[PDB]
């Protein structure tokens, strides 16, 4: 039997055999009072002590959320869908520790993406047993509230102050601080890592004074707070909270009464109205996400970044070669996962309307002008490739690069990667390339399991990535020192060196998407 005593009480785990070894999993440990009843939309309350033991032997409830129903039965989309019961009672976390119990282990804390609207820690691609086994780090991941239940904002008013889901994450980092030493973890060596909204979450913890002392280093996969989908303004969070109230018939005059009304609704009624709090949406709509609450976030984060107001430490940042492709089949005319999606100039233009609904005629045209000046000729996939690049560059790549330059300008070592490998098992079609979210299985070490139909070259690549991530967490330096590897250089501004990740040749390059990103971060914010 394997029992650990934590501040709030005893917890029992279970033994897992991985790679001829053993890993101890503590799945579903509670870290806050369930935010039910009068607690909905509030910050998370600390947990009530318990006698007896807590059986942490299965993944807990996932947080209430709408599910992707565009491709029922298709693994490509359903692998991201929640794999545990949905419930408002969902504030739990997981711990994987190597066996035997480590002495002073570096800790990796995972934060999932999901556009702040979806996600759960219990996904197969976030299984931390491989990392614990192979690198002897301890892996932690938590569930946190998403959508309106987690980001509904009536700013000021503590009944629904905004950013609750970010505070869920923060209370969990706190739990690691007070508890991880009992699991053989080193609270002084904690690395946050996350992807998409997870990565943008990590970036926000870098700015939040309440998070400063709760971690050491940070890894941001395909995401940062300066991404255009990442932070809702005070003015439009307001319109959204109100619109949600009208739709749900909770429009009151006393703001606190509106919240009280919203508290006596079935989550389904709130989930089903979330999508219409906006006049026109995009496949990348974040209807309820982070705001400037004056608490977790004390000012507009672009200002804090620009002015050096963040945790001074090392960061590891990167993106995938075809970030934008994933989103083209959730709306763009002429696009399908089931054919090669050769679209026309008119389908491209219509495609911008989908992705940039609120921008001017001139704005959509400026994008067209920048991305359609090509050569030879008359290449049928021109418009197809270009639209994917538009969405990728604007939503992910350029803000990640920009974040990194700005962060590095204040003295800290930063490391940038460009993930170029399309998985051998990718269920999506070839034209969609190296998709958003498909580096994760490599980071978490799935290809190490050689019964899982990955090629050997993928096993090797994953092993190197796992080693780089682990060395970054342990030592702030994402090198692989033992197997004649390419050194990964710091990303300085001006020089802007980055490292390519692929199965064949690993290369140092400079100035990723220079021309494109010049268009986005300099010209485009003016339109």
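Residue numbers count along the first chain shown, from 1.
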| property | result |
| --- | --- |
| Between 458 to 466 and 38 to 46 (mean CA B-factor, as deposited), the higher | 38 to 46 |
| Segment of higher mean CA temperature factor, 179 to 187 or 367 to 375 | 367 to 375 |
| Top residue by Cα temperature factor, when 359, 292, 391, 304 are compared in the entry | 359 |
| Deposited CA B-factor, highest of 216, 221, 243, 408 | 243 |
| Relative C-alpha B-factor of residue 23, binned into the chain's lowest, middle or highest third | highest |
| Residue 129 by Cα B-factor - lowest, middle or highest third of the modelled chain | middle |
| Chain-wide C-alpha B factor ranking for residue 475, given as lowest, middle or highest third | lowest |
| Ranked C-alpha temperature factor of residue 499 among modelled chain residues, by third | lowest |
| Modelled-residue ranking by C-alpha temperature factor, third containing residue 11 | highest |
